[PDB]
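Trainee:
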Amino acid sequence: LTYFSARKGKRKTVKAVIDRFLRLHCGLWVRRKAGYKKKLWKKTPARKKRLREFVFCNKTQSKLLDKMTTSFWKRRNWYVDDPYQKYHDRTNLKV
Amino acid sequence: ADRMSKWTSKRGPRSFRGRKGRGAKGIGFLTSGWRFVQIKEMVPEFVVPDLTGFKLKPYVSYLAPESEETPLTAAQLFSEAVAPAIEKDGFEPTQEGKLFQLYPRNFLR
Amino acid sequence: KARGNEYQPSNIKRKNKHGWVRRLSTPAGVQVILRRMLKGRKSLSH
Amino acid sequence: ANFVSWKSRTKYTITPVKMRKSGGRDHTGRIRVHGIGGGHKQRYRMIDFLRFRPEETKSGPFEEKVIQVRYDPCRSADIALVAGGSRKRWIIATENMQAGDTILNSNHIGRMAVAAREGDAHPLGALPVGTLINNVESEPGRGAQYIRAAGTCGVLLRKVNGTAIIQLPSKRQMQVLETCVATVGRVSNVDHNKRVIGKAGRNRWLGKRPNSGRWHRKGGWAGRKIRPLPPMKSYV
RNA sequence: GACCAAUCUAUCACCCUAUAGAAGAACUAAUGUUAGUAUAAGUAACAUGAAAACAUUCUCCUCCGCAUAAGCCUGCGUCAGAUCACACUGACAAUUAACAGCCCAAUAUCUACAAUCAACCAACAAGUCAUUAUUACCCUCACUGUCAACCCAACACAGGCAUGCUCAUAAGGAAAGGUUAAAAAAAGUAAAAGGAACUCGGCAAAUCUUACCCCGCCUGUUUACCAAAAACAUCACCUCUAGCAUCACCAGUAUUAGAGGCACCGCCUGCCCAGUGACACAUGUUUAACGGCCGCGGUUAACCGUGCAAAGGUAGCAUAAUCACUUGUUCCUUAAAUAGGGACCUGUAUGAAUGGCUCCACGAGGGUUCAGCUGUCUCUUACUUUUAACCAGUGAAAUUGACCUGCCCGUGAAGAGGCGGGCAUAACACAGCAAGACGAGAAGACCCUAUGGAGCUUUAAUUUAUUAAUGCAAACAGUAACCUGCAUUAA
RNA sequence: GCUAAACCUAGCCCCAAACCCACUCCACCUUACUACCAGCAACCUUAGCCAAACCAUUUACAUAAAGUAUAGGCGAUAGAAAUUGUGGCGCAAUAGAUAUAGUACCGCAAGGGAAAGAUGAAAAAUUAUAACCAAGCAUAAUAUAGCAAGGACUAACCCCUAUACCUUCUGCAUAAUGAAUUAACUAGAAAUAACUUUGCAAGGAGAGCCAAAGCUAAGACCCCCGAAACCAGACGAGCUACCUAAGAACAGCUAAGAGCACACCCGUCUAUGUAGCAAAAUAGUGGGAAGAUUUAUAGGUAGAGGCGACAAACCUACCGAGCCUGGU
Ligand SMILES: [Mg+2]
Ligand SMILES: [Mg+2]
Ligand SMILES: [Mg+2]
Ligand SMILES: [Mg+2]
Ligand SMILES: [Mg+2]
Ligand SMILES: [Mg+2]
Ligand SMILES: [Mg+2]
Ligand SMILES: [Mg+2]
Ligand SMILES: [Mg+2]
Ligand SMILES: [Mg+2]
Ligand SMILES: [Mg+2]
Ligand SMILES: [Mg+2]
Ligand SMILES: [Mg+2]
Ligand SMILES: [Mg+2]
Ligand SMILES: [Mg+2]
Ligand SMILES: [Mg+2]
Ligand SMILES: [Mg+2]
Ligand SMILES: [Mg+2]
Ligand SMILES: [Mg+2]
Ligand SMILES: [Mg+2]
Ligand SMILES: [Mg+2]
Ligand SMILES: [Mg+2]
Ligand SMILES: [Mg+2]
Ligand SMILES: [Mg+2]
Ligand SMILES: [Mg+2]
Ligand SMILES: [Mg+2]
Ligand SMILES: [Mg+2]
Ligand SMILES: [Mg+2]
Ligand SMILES: [Mg+2]
Ligand SMILES: [Mg+2]
Ligand SMILES: [Mg+2]
Ligand SMILES: [Mg+2]
Ligand SMILES: [Mg+2]
Ligand SMILES: [Mg+2]
Ligand SMILES: [Mg+2]
Ligand SMILES: [Mg+2]
Ligand SMILES: [Mg+2]
Ligand SMILES: [Mg+2]
Ligand SMILES: [Mg+2]
Ligand SMILES: [Mg+2]
Ligand SMILES: [Mg+2]
Ligand SMILES: [Mg+2]
Ligand SMILES: [Mg+2]
Ligand SMILES: [Mg+2]
Ligand SMILES: [Mg+2]
Ligand SMILES: [Mg+2]
Ligand SMILES: [Mg+2]
Ligand SMILES: [Mg+2]
Ligand SMILES: [Mg+2]
Ligand SMILES: [Mg+2]
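Protein sequences, first through last, are from chains 3, 9, 2 and D.
PDB author numbering applies: residue 94 is where the first sequence begins, and numbers increase by one.
Heads up: the second sequence runs through residues 15 to 103, 118 to 137, numbered per PDB author numbering.
PDB author numbering applies: residue 47 is where the third sequence begins, and numbers increase by one.
PDB author numbering applies: residue 61 is where the fourth sequence begins, and numbers increase by one.
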């Protein structure tokens, strides 16, 4: 976790989370269901279809992932052409 | 077993007791059969002159005057001993084979 | 037997095991004397 | 550490040299041999192994004579002073080497064999085949480097060209040059192997500490080995 | 969430208070640290021989005392004041070398017959003492130690300390501060009948002593500081390694050395390389290397039918220091015998240099016993001292939450002096007490937890850092021989 | 009122600023404080604790970029550049540097380590301040009975009541540890993010960072003592184990690593001692006492080591591997 570094004296982000998750400005964490590339011959088509779809994270898991990251990862992402451009902002919500 | 105790001749064994000793200043040497040789040349000779008809005394009188202190320097001695320098209008540069050499302290006091 | 008496004083052995000559022969004693002088002790070695 | 071996003498001398016991210690101070140290004081005797050696302004064969036969505490083989010419020297005492007997020290290799006695010394090139010898040299002018212990004897086998195959007491053959010096007969002090130590007192006096008390487990190397005789070790 | 003791800072204060900034910001406890003081406690420990004119005399003991190497440095002499009384505080000066130390000019160069009354007698452990010719040399008494009641043990310490001396005298010292002798313990003197019958043991004190078993060759050593041996080591035997010289192993040579198993001497060391190790021994050796020497049915068993391998325990010894059976059976030794010993393999897991058996001498080794022995007991008692109590002096420690601290019944984080009910109870002090206060010293050593450790052992998981040998490369000689890098092998 | 209690000034920490010291006289590497005479000396990848709940590869030595790339049993973690640009809101003898001083003391050795004092203008002031403030005692010993206190009572006791504190654990006086009081010291430092209030607003902040109401600034939150144990070098054979050189000791009696027995070496057993004479003592019975015997002096063998007639024993009172330093 490293709350304070040894060279600059700041926080540090676990690259494992950055590589296994995806940050969004809306406040949700996207992931991928495990087992989507191992033992696919014994899985029924419905199971394979459900495993090849993205999934969100819970409140506690999202907070843990945020704690494991810094404010740099919370920046926007105005990519020239990204499939997740229409998901950074969440609209139509009432508590 | 004492560090503050200054080592001297009244501590060690017979060997070191007889070897070190106080400021003896070796005057001779030994000749095998424990027969010390007293070199007459190394024995000092106190050159004491005769104190007959001495004027001064070991104590001065307060009635005498007072003079300023002026440590004698080489320049003053040279200016004083300036007879041949003025007559130009004798010196001992090398004194290696001299009786009492100056630079190498060979004369006692 | 009595184990409270192990010391057999002897100036010869003392000065031979902890002497200026022995402390300056090897660099170990040199460093020892240097550290002692740095500490500020009165006696440096027997 | 400070350890100056007593072995420090230039000119050969007859007087016994003050021997300093070692005790299995090296120049540093650590033990390298277990079972050595603590014995009776001894005085080394300078021995001259090189039998044939012409003295000053000499070269041809010379004669010598035995005067006395004494015991040597350093080795197990007794010695015996033998004077000759204008000098003296110690040499190994051969069997039946009585005092007041003359001994020859030749060198000129004769054409035919030479019926050498028991004390005379001749090169292998003049010794009959099948004659016991001792104090064999490895090379001409080298010196006795093999047979020397008490009761030892080296029987001659044969000669080839300019060498001679010697048979050591351990059935280990060896070939050496024929122009080397040797000695006939066998070493004196016979029956030394049958010496009964009797008690541990004599063993301790000899200067040999006992073995350790650790109960070692006899490994595989503790088995009876029946190896064949090694090949003849030559030196040509 | 609301307040707030102390301090510094910026604000009028100013017989002590307010607004904000800071926490080394606020103690009934962490077997917490420093300083003094209660608690056992004036209890344990303790010395100084007697008379006296303080001149002197008397009683007892002594293996202690003299000088010195090792060691200390003025450490019981005077002067004035401090005090079991003083070796305590300041000045006084010692202790003077002939005893010991402080020590040798060079070059070639050589000392074979040890000492032990050393001559008879000799022996093994083979041994501590010497000089020759030449050159140059002629001045000679310089320096240190010298005391004591003394050294190392935190103490003024029943402790530890070598050399030559009479070891009891010509040296060296005083076990009794004063009174009485309560209880308990210890060191001594004697004991009416027994002499080991209390006791697992003959374990203190006296006799002085007879015959056995196991083991160990005997001497010697071991765990300084609980186990001193039935363990350790070898004089004797046996296995393996080494053909050689310049630091030992070695100024040695196969009858010589190094690494090991057993235990002298006598009878012996019977069998097996399937398996591991060591030998390239042209395919085998080595078991005195690591280790092993078997089962099923039969006229209380030979010999038959056999299965497997290496043999299938040969000789020998026997209820063992030998898994319960075990207090064996068997005959004695006594009044009783799981104590001791004569024979049985049935020891199924004894059995051969991991050594099997007897035996000459011996054991502070471990277990029995015949004739004598003592208070160990039957049943203990008397005396002296140590020691104890009181009178004078000094003077600790373990320990304590506070105590105004009884007993019985039942409960109670499960054994109550403090709880529910009863008995009792004037105040303190000495002289004994060890039933309780789960009494007092040690984070139970026995059991368990520790992804906390360390010692030991390899065929547990990994790397060969190091040694030596192997195949390759550069490295030079031949023809149509040392270092270095890459991988393997045993340690 | 005996014993006690306070004084505060010497000096300490921080940077702010310069870069420091160093032979009158003799003496100092041989045994340091020694006037005097024929022989090699240098350059070395630091390890280790600890975290991944073990642990081997791994674990640190102006601003922004950026805690990004990148490396990593791809897990715990590590982590760059191009570009950029002359006083104390301190301490005031248990605090402050350990310090009045690296002083004794432990000590043969490396190594560890504290306090001295208190009125002032005259101590060449005689002569004492105002007693009062904790812990132990005197002025002043107790008088049925029992957590030491309450309701009370005209009164102390007498009347009724209630089972010490803290920690643990479902459960307590429990007989589970802690504790004699007093004075001093002594144990919660902050983090992506979140809550409240200030200022501006699709912008604010004194470049960099965040923007579908956001940012800035302040306020508020992350304990101490405690092992076994490793690394590298010093210090250690003056006692113990072994070796080396030259010396010393062993009466007498019976008669040969023979026997008894002086001195002498060790201590199989009893008793005393157990904070004692001693952090290993006192008497005999004990084995040897011309030999594997003991010892005076000096030198050598130091821990992954030495030594070892193996006791896996000893190496300076505690050695299944002695202590110190720095990682700790
Ligand atoms: Mg002591
Ligand atoms: Mg307090
Ligand atoms: Mg406690
Ligand atoms: Mg406390
Ligand atoms: Mg008491
Ligand atoms: Mg007395
Ligand atoms: Mg004297
Ligand atoms: Mg008395
Ligand atoms: Mg009678
Ligand atoms: Mg009777
Ligand atoms: Mg009975
Ligand atoms: Mg009985
Ligand atoms: Mg009996
Ligand atoms: Mg008898
Ligand atoms: Mg024996
Ligand atoms: Mg013991
Ligand atoms: Mg014992
Ligand atoms: Mg042995
Ligand atoms: Mg032997
Ligand atoms: Mg057999
Ligand atoms: Mg049995
Ligand atoms: Mg008493
Ligand atoms: Mg009294
Ligand atoms: Mg206690
Ligand atoms: Mg109870
Ligand atoms: Mg109670
Ligand atoms: Mg208790
Ligand atoms: Mg415990
Ligand atoms: Mg650990
Ligand atoms: Mg560990
Ligand atoms: Mg850690
Ligand atoms: Mg770890
Ligand atoms: Mg840059
Ligand atoms: Mg201080
Ligand atoms: Mg301080
Ligand atoms: Mg008070
Ligand atoms: Mg109360
Ligand atoms: Mg609490
Ligand atoms: Mg707690
Ligand atoms: Mg519970
Ligand atoms: Mg309690
Ligand atoms: Mg919003
Ligand atoms: Mg010694
Ligand atoms: Mg020994
Ligand atoms: Mg015993
Ligand atoms: Mg006791
Ligand atoms: Mg014996
Ligand atoms: Mg005897
Ligand atoms: Mg005798
Ligand atoms: Mg250590």
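Backbone N, C-alpha and C fix where the C-beta goes; we use that ideal spot for every residue, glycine too.
Quick one: is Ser29 (chain 9) near chain 2, going by C-beta distance under 9 Å?
Mentor: On the second sequence, residue 29 (chain 9) is found 15 positions in, with the first residue counted as 1. Output row for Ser29 (chain 9): interface = yes.
Trainee: Look at the alpha carbon of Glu199 (chain D) and the alpha carbon of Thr239 (chain D), and state the distance between them as a whole number of angstroms.
Mentor: Within the fourth sequence, numbered from 1, the residue matching residue 199 (chain D) stands at position 139. Within the fourth sequence, numbered from 1, the residue matching residue 239 (chain D) stands at position 179. A straight line joining the alpha-carbon of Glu199 (chain D) with that of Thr239 (chain D) spans about 9 Å.
Trainee: Could you tell me how far apart the beta carbons of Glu178 (chain D) and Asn195 (chain D) are, in whole angstroms, since I believe they sit closer than 8 Å?
Mentor: Walking along the fourth sequence from the start, residue 178 (chain D) turns up at place 118. Walking along the fourth sequence from the start, residue 195 (chain D) turns up at place 135. Their Cβ separation, rounded to whole angstroms, is 13 Å, which puts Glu178 (chain D) and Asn195 (chain D) out of contact at 8 Å.
Trainee: Would you call the stretch 142-150 of chain D and the stretch 114-126 of chain D touching, i.e. three or more CB-CB distances under 8 Å?
Mentor: yes
Trainee: Of all the CB atoms in chain 2, is at least one closer than 9 Å to the CB of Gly26 (chain 9)?
Mentor: Within the second sequence, numbered from 1, the residue matching residue 26 (chain 9) stands at position 12. Closer than 9 Å to some Cβ of chain 2, the Cβ of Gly26 (chain 9) qualifies, so yes.
Trainee: Which residue spans inside the stretch 186-226 of chain D form an unbroken beta strand (DSSP E) run of at least 3?
Mentor: 192-194, 214-220
Trainee: Could you tell me how far apart the beta carbons of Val247 (chain D) and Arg208 (chain D) are, in whole angstroms, since I believe they sit closer than 8 Å?
Mentor: Here the question's residue 247 (chain D) lines up with position 187 in the fourth sequence. Here the question's residue 208 (chain D) lines up with position 148 in the fourth sequence. So it is a contact: roughly 7 Å between Cβ atoms.
Trainee: List the endpoints of the continuous beta strand (DSSP E) containing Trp150 (chain D).
Mentor: Within the fourth sequence, numbered from 1, the residue matching residue 150 (chain D) stands at position 90. 150-152 is the extent of the beta strand (DSSP E) around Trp150 (chain D).
Trainee: Would you list, in sequence order, the uninterrupted alpha helix (DSSP H) runs of no fewer than 4 residues that lie entirely inside the stretch 51-83 of chain 2?
Mentor: Considered as a whole, the stretch 51-83 of chain 2 harbours 57-63, 66-71 as its complete alpha helix (DSSP H) runs of no fewer than 4 residues, in chain order.
Trainee: Could you list which residues in chain 9 have their beta carbon closer than 7 Å to that of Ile58 (chain 2), in chain order?
Mentor: Within the third sequence, residue 58 (chain 2) is the residue found at index 12, counting from 1. By Cβ distance, chain 9 contributes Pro27.
Trainee: Determine which residues share a DSSP beta bridge with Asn165 (chain D) and list them.
Mentor: The residue given as residue 165 (chain D) occupies position 105 in the fourth sequence. DSSP, once it has assigned bridges, lists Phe122 (chain D), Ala181 (chain D) as partnering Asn165 (chain D).
Trainee: Would you verify that the beta carbon of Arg36 (chain 9) is, or is not, closer than 9 Å to some beta carbon of chain 2?
Mentor: On the second sequence, residue 36 (chain 9) is found 22 positions in, with the first residue counted as 1. Not one chain 2 Cβ lies under 9 Å of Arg36 (chain 9).
Trainee: From the DSSP output, which residues share a beta bridge with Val236 (chain D)?
Mentor: Position 176 of the fourth sequence holds residue 236 (chain D). Paired residue(s): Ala224 (chain D).
Trainee: With a threshold of 9 Å between beta-carbons, can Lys47 (chain 2) be considered close to chain 9, or not?
Mentor: Position 1 of the third sequence, counted from the first residue, corresponds to residue 47 (chain 2). Not closer than 9 Å to any Cβ of chain 9, the Cβ of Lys47 (chain 2) fails to qualify, so no.
Trainee: Whose C-alpha, out of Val244 (chain D), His252 (chain D), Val220 (chain D), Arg255 (chain D), is nearest the C-alpha of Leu237 (chain D)?
Mentor: As a first step, residue 237 (chain D) is located in the fourth sequence; it is residue number 177 there, counting from the start. Taking each of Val244 (chain D), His252 (chain D), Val220 (chain D), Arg255 (chain D) in turn and checking the Cα distance to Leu237 (chain D), the smallest one comes out for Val220 (chain D).
Trainee: Give every residue of the same chain whose Cβ lies closer than 6 Å to the Cβ of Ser272 (chain D), excluding the five residues on either side of it in the sequence, and list them in chain order.
Mentor: Along the fourth sequence, one-based indexing puts residue 272 (chain D) at 212. Correct list: empty, nothing qualifies.
Trainee: With a CB to CB cut of under 7 Å and the five nearest residues on each side skipped, what residues in its chain are close to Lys187 (chain 3)?
Mentor: Looking up residue 187 (chain 3) in the first sequence gives position 94. Nothing listed; no residue qualifies.
Trainee: Based on DSSP bridge pairs, tell me the residues matched to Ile91 (chain D).
Mentor: Numbered from 1 along the fourth sequence, position 31 holds the residue referred to as residue 91 (chain D). In the DSSP assignment, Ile91 (chain D) is bridged to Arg85 (chain D).
Trainee: Rounded to the nearest angstrom, how far is the Cβ of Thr154 (chain D) from that of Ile193 (chain D), given a contact under 8 Å?
Mentor: Stepping through the fourth sequence from its first residue, residue 154 (chain D) is reached at position 94. Stepping through the fourth sequence from its first residue, residue 193 (chain D) is reached at position 133. Actually they do not touch by this definition, with Cβ atoms about 10 Å apart.
Trainee: Near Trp166 (chain 3), what residues of its chain come up, given a Cβ to Cβ distance below 6 Å and the 5 sequence neighbours on each side ignored?
Mentor: Stepping through the first sequence from its first residue, residue 166 (chain 3) is reached at position 73. So the qualifying residues of the chain are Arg116.
Trainee: Return no unless some Cβ of chain 9 is closer than 9 Å to the Cβ of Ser71 (chain 2).
Mentor: The residue labelled residue 71 (chain 2) in the question sits at position 25 within the third sequence. Chain 9, which has no Cβ nearer than 9 Å to the Cβ of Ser71 (chain 2), makes this no.
Trainee: Opposite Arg125 (chain 3) in the DSSP bridges: which residues?
Mentor: Within the first sequence, numbered from 1, the residue matching residue 125 (chain 3) stands at position 32. Answer by DSSP bridge pairing, in chain order: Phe147 (chain 3).
Trainee: Please name the residue or residues paired with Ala140 (chain D) in a DSSP beta bridge.
Mentor: Stepping through the fourth sequence from its first residue, residue 140 (chain D) is reached at position 80. DSSP lists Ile151 (chain D) as partners of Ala140 (chain D).
Trainee: Helix or strand or just coil, what does DSSP make of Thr153 (chain 3)?
Mentor: If you number the first sequence from 1, residue 153 (chain 3) lands on position 60. Note: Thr153 (chain 3) maps to helix in three-state DSSP.
Trainee: Taking 9 Å as the CB-CB limit, is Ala89 (chain 9) close to chain 2?
Mentor: Within the second sequence, numbered from 1, the residue matching residue 89 (chain 9) stands at position 75. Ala89 (chain 9) does not count as touching chain 2.
Trainee: Should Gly245 (chain D) be labelled buried (16 or more other beta-carbon atoms within 10 Å of its own) or exposed?
Mentor: In the fourth sequence, the residue the question calls residue 245 (chain D) occupies position 185. Counting Cβ neighbours within 10 Å, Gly245 (chain D) comes out buried, since at least 16 surround it.
Trainee: Hey, could you find the ends of the alpha helix (DSSP H) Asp112 (chain 3) is sitting in?
Mentor: Your numbering for residue 112 (chain 3) matches position 19 in the first sequence. Run containing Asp112 (chain 3): 108-113, per the alpha helix (DSSP H) assignment.
Trainee: How long is the line joining the alpha carbons of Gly26 (chain 9) and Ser89 (chain 2), rounded to whole angstroms?
Mentor: The count along the second sequence starts at 1 and reaches residue 26 (chain 9) at position 12. The count along the third sequence starts at 1 and reaches residue 89 (chain 2) at position 43. Taking the straight line from one Cα to the other gives about 18 Å.
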